[PDB]
Amino acid sequence: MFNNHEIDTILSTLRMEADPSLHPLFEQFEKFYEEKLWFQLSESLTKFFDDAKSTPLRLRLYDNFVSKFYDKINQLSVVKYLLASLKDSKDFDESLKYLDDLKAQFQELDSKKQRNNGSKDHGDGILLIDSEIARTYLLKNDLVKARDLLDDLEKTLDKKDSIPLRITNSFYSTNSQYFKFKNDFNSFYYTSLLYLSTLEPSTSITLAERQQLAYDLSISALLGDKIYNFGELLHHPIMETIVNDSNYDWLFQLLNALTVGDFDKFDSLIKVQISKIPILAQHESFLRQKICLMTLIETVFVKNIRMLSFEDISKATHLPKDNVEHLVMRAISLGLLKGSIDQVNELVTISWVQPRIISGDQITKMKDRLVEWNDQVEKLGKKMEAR
Amino acid sequence: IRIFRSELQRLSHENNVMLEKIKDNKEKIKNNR
Amino acid sequence: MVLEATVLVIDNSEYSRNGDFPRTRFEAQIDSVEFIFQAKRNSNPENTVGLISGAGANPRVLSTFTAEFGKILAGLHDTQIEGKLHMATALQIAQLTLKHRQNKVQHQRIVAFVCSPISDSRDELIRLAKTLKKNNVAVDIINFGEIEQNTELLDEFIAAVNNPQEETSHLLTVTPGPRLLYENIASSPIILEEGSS
Amino acid sequence: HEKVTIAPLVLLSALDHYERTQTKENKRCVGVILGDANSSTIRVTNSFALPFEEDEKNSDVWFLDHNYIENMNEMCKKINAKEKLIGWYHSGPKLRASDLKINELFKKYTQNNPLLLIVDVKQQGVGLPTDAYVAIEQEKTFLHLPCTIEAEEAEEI
Amino acid sequence: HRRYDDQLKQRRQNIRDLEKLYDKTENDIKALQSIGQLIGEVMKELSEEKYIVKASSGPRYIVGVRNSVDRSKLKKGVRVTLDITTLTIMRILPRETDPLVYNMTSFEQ
Amino acid sequence: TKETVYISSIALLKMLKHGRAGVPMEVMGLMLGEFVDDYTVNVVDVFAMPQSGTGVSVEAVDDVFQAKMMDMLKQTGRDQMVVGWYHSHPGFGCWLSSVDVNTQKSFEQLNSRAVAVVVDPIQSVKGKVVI
């Protein structure tokens, strides 16, 4: 495609009076890449529909063209692509050498036009500085020192309010690998859920990054005992957009594993990485019982009376009477459930806490309250009215 | 050249726009005394 | 000379992210408002010029009919450069703007700029052209686009309205670059000349 | 949270502009509430209509004059100084696509979160002939605040 | 070139200097229409929503509360803010009669 | 018969809201609508006026503020004929407004059937609603 090789060159050789002070090294090094379609940060127009991970070798040239970009199209082309797309280079040798380059250039833009009301467009140059601060200190010094600088970024999210959601995504992007390297994936699962809610227009992504994104979303739910289960990842258009094998099928295997309760199906298809930690096998017992514990008041069961014995729960969880008493106590201790336990009469009273996304079984049982109360309208209701 | 002339004529009229607010505000303080 | 009520239309589109045209864009639309107002209000009294925007963030009314351009320039401030494109929306807003107005029994005129080829609907713009003809509405369209733009909904909108020249609509094309914007419009029927009744 | 307090003076005022303008089902009378949104109790002590025109063929076409909005709010300050712009109200039983596009207009001169009000002249079903909603974004997210009615001593009597 | 540059700065400074002056005038006239209040002292507690006080602007009148008024801190002799119209207690004020910062010498540190 | 004033729902509530500021102070307003003697008497819309330094007199009403407001009555469907000028006063035993003398005599020149309304209780409120 000659779009970037021609239209971009013709625009600079015709409009903007006579030339935008063209350098002789621009058109000379542009033909080195030929038709291979690596445009090295294709610079706005052509970059919108064409993007790749290739490392740009022009970094020492277009970096000084920011002054030419103000009169060219818009200053918003820096946050959409180019400098903002440098994260796809995967070059860790440039670390700490791009800090002064990606900062002082934005400091001049903040001290030039924008003050309070500004001029021309609005809402630019806010998250541009905050995006590169968290990505830098994540490397080098340990995560303890990196969190100290995240407090200034967390207060900005609660105070400042802007139209683009990149402020929310950029803060949690670095915070994802914070809890990923550490334990306690419950906080990482809540963070992983905040990436995808509804974005139609934004967050351009190909099939390569969807598999990398689904990796952090899946692992978050392995140890995560909160907010439903892997089925939430299936509710979003993810599993249909990724491959069904190579350890991406854990959503399908663990879906029925919380019902039938067979640990030999999942443990046989996985590696020794996640099977060494016994905690993973513990959290799978909670989500299996939580499905039946939500049926105690009103979901499926007809009479809507809440009672549970030690024998009925032992067969559903595939655990003996001694291990099921300890499993309920640990479930309430984690904040997932409430209530008390009666060992004398073999009664289990658990307060409803964790919601569910299932439906269709509550329509018939809600009619019970509709029909039984309607009979009093014809009998008792008409008795007081016809008085 | 054109930037200094365009910004001067713009702020010259906007200064009178601010003066349009006090014209009604003068009659507001006179009636309350 | 010229006694009428003119509504100005400033719109943005996917082609508003430019601003390479001579050196720039959107600075010509602001400079064109000062030339239209001074050629009308200063010519004869009882001349009020309104400003509406049917694009950008929301298709609202910026400044209605008044004797001062300060509120008109205030409407041009705080406007998104890149926004949604609806031309036919501003056509019905300008008609409702001219429907309820102070100092009735005047000459209705609408001045709009072309920021894009305006591809929306065919039969919808046909009824909008015949509706403004029965009310004797002056539709001023200055085509810009990219280089030359012909055989589209803009030319079909004019062909379905204007039999008479000065009483309905005109046509003008301004080329970007070192060209005088106010001089070509002054000699054009859009501003001054004839068409005021 | 916050609650919306609608005085009987405001509820009866919105019903008057509907009959006097001969508004049919093709039009919806739009108006501006006045009150104090600073505290948690939102009280509306004043209401007035505006020359609004509705178009059912295009939801993006609405006629509203911003000159009458600022002038009437300034001229009514002489009555009570506690009356500011907390939002606006409109008529009609339902919320169409034209109501979502007009929400960002008054937000320029409004400091706190604006308040939306829907006046129903028919009042078909249940209670609450006037429902209040808040306009806030993260996608527009509307929340229904509790609707109560409290007036002064001489107004209730 | 440089002629319009000097007038550009002088025009902007005259706007910001007068803007702070016009904003104070608009804010001051809004506080000039506020309604005053009365002042009285509590004599004896009659009931919960009904009190017996003695006003400083005249004889005694039966008073009460209106909304969000704390009735726990209202005791005998406590100076209260009395409403002019409804004749109820609105604000809460300490107990003072003659000024203690004027007739009595008051000094800090 | 005579003219029997029929107060609408909004006509009674706005009169208490316009005189809401201060017991001793005073405001005014304009009654609207159209009616014919022998029955019909109605007040469509009511609106107040800013308080001046002269209290209530012939110079109290502002024709500039009235003309600027009157143009807004037509576009909103609020435009009607002026049937009188309603006021608000603390009230006396006789001649409830000591500063109001020459107003009504200048009002009867335009229309002899025009009246003037004043809210009596102004903190004396009872619930028989004596006006």
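Residues numbered from 1 in each chain as written, not as in the entry; some residues may be left out. Chains lettered and ligands numbered in written order. Part of a larger assembly, values for the part shown. Heavy atoms only, no water.

This entry, as listed in the PDB, derives from cryo-EM and reports a resolution of 4.2 Å.

## Considering the overall build of chain C
Heads up, the condition is: Helix and strand assignments follow DSSP, with helices taken as H or I runs no shorter than four residues and strands as E runs no shorter than two, numbered in order from the N terminus. Radius of gyration here uses only the C-alpha atoms, and the compact-globule reference equals 2.2 Å multiplied by the residue count raised to the power 0.38. Residue exposure (1.4 Å probe, protein chains only): buried if accessible area is under 20% of the type maximum, exposed if over 50%, otherwise partly exposed.
The secondary structure content of chain C amounts to six helices and eight strands. From first element to last, N terminus to C terminus, chain C shows the α and β order β-α-β-β-β-α-β-α-β-α-β-α-β-α. Computed over its C-alpha atoms, the radius of gyration of chain C comes to 16 Å, within 12% of the 16 Å expected for a compact globule of 197 residues. Along the first, second and third principal axes, the C-alpha atoms of chain C reach 40 × 35 × 30 Å. A total of 197 residues make up chain C; the buried ones form 52% of that total.

## Here we look at the packing of aromatic side chains
Stated precisely, the cut-off is as follows: Here is the rule: rings of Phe, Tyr and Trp (six-membered ring for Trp) pair when centre to centre is within 6.5 Å. Planes less than 30 degrees apart are stacked, more than 60 are edge-to-face, and the remainder are tilted. Throughout this description, the term charge over a ring refers to an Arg CZ or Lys NZ atom that lies within 6 Å of the ring centre and within 35 degrees of the ring normal.
According to the stated counting rule, one finds twelve aromatic pairs over all chains in the structure shown. Ring plane angle 75° and centroid distance 5.3 Å describe the contact between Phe32 of chain A and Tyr33 of chain A, whose orientation is recorded as edge-to-face. Between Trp85 of chain F and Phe107 of chain F, the aromatic rings sit 4.0 Å apart at their centres with planes inclined by 25°, giving stacked as the arrangement. Of this pair, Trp85 of chain F sits in strand β3 (residues 84-88) while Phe107 of chain F sits in helix α3 (residues 102-110), and the two are 22 residues apart along the sequence. The pair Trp85 of chain F / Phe107 of chain F is uniform in exposure class, with both members buried. The ring of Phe48 of chain A carries the charged tip of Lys80 of chain A above its face, separated from the ring centre by 4.1 Å. Seen from the ring of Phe144 of chain C, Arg25 of chain C lies directly overhead, with NZ or CZ sitting 4.9 Å from the centre.

## Re the sheet that holds strand β1 (residues 27-31) of chain F
Neighbouring strands of a sheet are bound in pairs by backbone hydrogen bonds; such pairs are parallel or else antiparallel. All names here are of chain F. Convention followed: Two strands qualify as a pair provided that DSSP identifies no fewer than 2 bridges between them. Two residues qualify as a contact provided that any one of their heavy atoms is within 4.5 Å of a heavy atom in the partner residue. Lines are fitted to the C-alpha atoms to define the axes, a helix being fitted only along its stretch in contact, and any angle between axes, read from their N-to-C directions, falls within 0 to 180 degrees.
The four strands lie next to each other as β2-β1-β3-β4, forming an open sheet whose pairing is mixed. Each edge of the open sheet carries a strand with a single partner, namely β2 (46-48) and β4 (118-119). In the sheet, β1 pairs with β2 via three bridges, with the strands oriented antiparallel. Of the residues in β2, the one forming a bridge with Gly29 is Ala48. Each of β1, β2, β3 and β4 is contacted by helix α1 (residues 9-18), which is oriented at about 5° to β2, the strand it contacts most.

## Structural notes on the arrangement of the chains
No other pair among the twelve pairs of chains in contact exceeds the contact count of chains D and F. The least C-alpha distance between chain A and chain B, which are not in contact, is 12 Å. You won't find any contact between chain A and chain F; their C-alpha atoms come no closer than 33 Å.

## Some words on a negative patch on the surface
Residues and elements named next belong to chain A. Just so we agree on the cut-off: Surface patches are drawn from residues lacking salt bridges whose relative accessible area is over 30%; two like charges belong together within 9 Å, two nonpolar side chains (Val, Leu, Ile, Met, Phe, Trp, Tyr) within 5 Å. Areas reported here follow the Shrake-Rupley algorithm with a probe of radius 1.4 Å; residue values treat only the protein chains shown as occluding. For this analysis, a salt bridge means a side-chain nitrogen from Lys or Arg found within 4 Å of a carboxyl oxygen belonging to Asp or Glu. Within this scheme the basic residues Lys and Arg register as positive and the acidic residues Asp and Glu register as negative, but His and the chain ends are omitted. Charge positions are represented by NZ for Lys, CZ for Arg, CG for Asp and CD for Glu.
Taken together, the side chains of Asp148, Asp151, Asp152, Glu154 and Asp158 define an acidic patch exposed on the protein surface. Tracing the sequence through the fold places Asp152 in helix α7 (residues 143-159). The class for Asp152 is exposed, based on a relative accessible area of 52%.

## Focus on the side chain of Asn25 of chain B
Defined as follows: Think of a polar contact as two N or O atoms within 3.5 Å of one another; within protein, one of them needs to be a possible hydrogen donor and the other a possible acceptor, and neighboring residues in sequence only count if both atoms come from side chains.
Inspection of the secondary structure puts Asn25 of chain B in helix α1 (residues 2-31). One polar contact links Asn25 of chain B to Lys28 of chain B, side chain to side chain, over a distance of 3.2 Å. Apart from the residues within four sequence positions on either side, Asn25 of chain B is in contact with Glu74 of chain D together with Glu26 of chain E.

## Focus on the packing of α1 of chain B against helix α1 (residues 2-30) of chain E
A pair of packed helices can be characterised by two numbers: the angle between their axes and the separation between those axes. Where we set the bar: Here roughly perpendicular refers to angles of 65 to 115 degrees, roughly parallel to angles under 35, roughly antiparallel to angles over 145, and oblique to all remaining angles. Less than a right angle of anticlockwise turn of the near helix away from the far helix marks a crossing as left-handed, whereas a clockwise turn marks it as right-handed. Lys, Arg, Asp and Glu make up the charged group, whereas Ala, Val, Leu, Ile, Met, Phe, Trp, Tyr, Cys and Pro make up the nonpolar group; the residues left over, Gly among them, are polar.
Where α1 of chain B contacts α1 of chain E, the axes come no closer than 9 Å and their chain directions differ by 20°. With respect to each other, α1 of chain B and α1 of chain E are oriented roughly parallel. The two elements α1 of chain B and α1 of chain E cross, and the hand of that crossing is left-handed. Looking at the contact of α1 of chain B with α1 of chain E residue by residue, the classes come out as 13 nonpolar, six polar and nine charged.

## Considering α1 of chain B
For the record, the criterion: Any helix carries an expected span of 1.5 Å times its number of residues minus one.
Here α1 of chain B spans 46 Å end to end across 30 residues, near enough to the 44 Å set by a 1.5 Å rise per residue. Burial in α1 of chain B covers these residues: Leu8, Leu11, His13, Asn15, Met18, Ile22, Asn25 and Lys28 of chain B. On its buried side, α1 of chain B packs onto α2 (70-76) of chain C, α2 (66-75) of chain D together with α1 of chain E.

## So, the environment of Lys108 of chain D
Tracing the backbone through its elements, the reader meets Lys108 of chain D in the loop between α3 (97-101) and β8 (115-119). For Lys108 of chain D, a relative accessible area of 52% puts it in the exposed group.

## What about the pattern of salt bridges?
Evaluation of the coordinates by the stated rule reveals 32 salt bridges over all chains. A salt bridge links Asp71 of chain A to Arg23 of chain C, with the shortest nitrogen-to-oxygen separation between them at 3.9 Å. In this pair, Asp71 of chain A sits in helix α3 (residues 66-72) while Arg23 of chain C sits in the loop between β1 (5-9) and α1 (27-38), so the two residues belong to two different chains. Relative accessible area serves as the criterion here: at 44%, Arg23 of chain C is assigned to the partly exposed category. Of the charged contacts in the structure, one is a salt bridge between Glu152 of chain D and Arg66 of chain E, with a shortest N-O distance of 3.7 Å. Of this pair, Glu152 of chain D sits in the loop between β11 (147-148) and α4 (153-156) while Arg66 of chain E sits in the loop between β3 (62-64) and β4 (79-82), each in a different chain.

## With respect to the sheet that holds β4 of chain E
All names here are of chain E. As summarised here, the arrangement of the five strands in space is β3-β2-β1-β4-β5, forming an open sheet in which the pairing is antiparallel. Since the sheet does not close on itself, it has two edges, and those belong to β3 and β5 (89-92), each with one partner. Strand-to-strand twist of the sheet, defined as the mean angle between neighbouring strand axes without regard to direction, takes the value 55°. For strand β2 (residues 50-55) and β3, the ladder comprises three bridges, and the chain directions are antiparallel. When the bridges of β3 are listed, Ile52 appears paired with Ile62.

## A word on the environment of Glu193 of chain C
You can see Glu193 of chain C is positioned in the segment after α6 (181-186). Sequence separation between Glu193 of chain C and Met1 of chain C is 192 residues; the distance between their C-alpha atoms is 8.9 Å.

## A word on the interface of chain B and chain E
Much of the literature gives interface size as the accessible area that the parts lose upon coming together. The condition is simple: What counts as buried area is the accessible surface, traced by a 1.4 Å probe, that two parts surrender upon association, with contributions from both included.
Facing the 16 residues of chain B at the interface are 17 residues of chain E. For the pair chain B and chain E, the summed buried surface comes to about 1,700 Å²; carbon and sulfur atoms form 73% of the total. On the chain B side of the contact with chain E, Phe4, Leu8 and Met18 of chain B bury the most area, a combined 35% of that side's loss. Here chain B is connected to chain E by one residue pair in polar contact. Residue composition of the side of chain B that touches chain E, by class: eight nonpolar, four polar and four charged.

## A short note on the pairing of strand β9 (residues 130-137) of chain D
Relative to β9 of chain D, β8 of chain D is paired through five bridges, and the arrangement is antiparallel. Note that in β9 of chain D the partner of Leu117 of chain D across the bridge is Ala132 of chain D.

## A word on the interface of chain D and chain F
Every contact between the two is made by 24 residues of chain D and, on the other side, 21 residues of chain F. Between chain D and chain F, the buried area comes to about 2,100 Å², and carbon and sulfur atoms account for 72% of it. The three residues of chain D that bury the most area against chain F are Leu9, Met75 and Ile79 of chain D, which together make up 25% of that side's buried surface. Between the two partners, chain D and chain F, sit one salt bridge.

## A short note on a nonpolar patch on the surface
A surface patch of nonpolar side chains, about 450 Å² in accessible area, is lined by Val5, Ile7, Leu12, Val115, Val129 and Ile131 of chain F. By the element assignment, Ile131 of chain F lies in the segment after β4.

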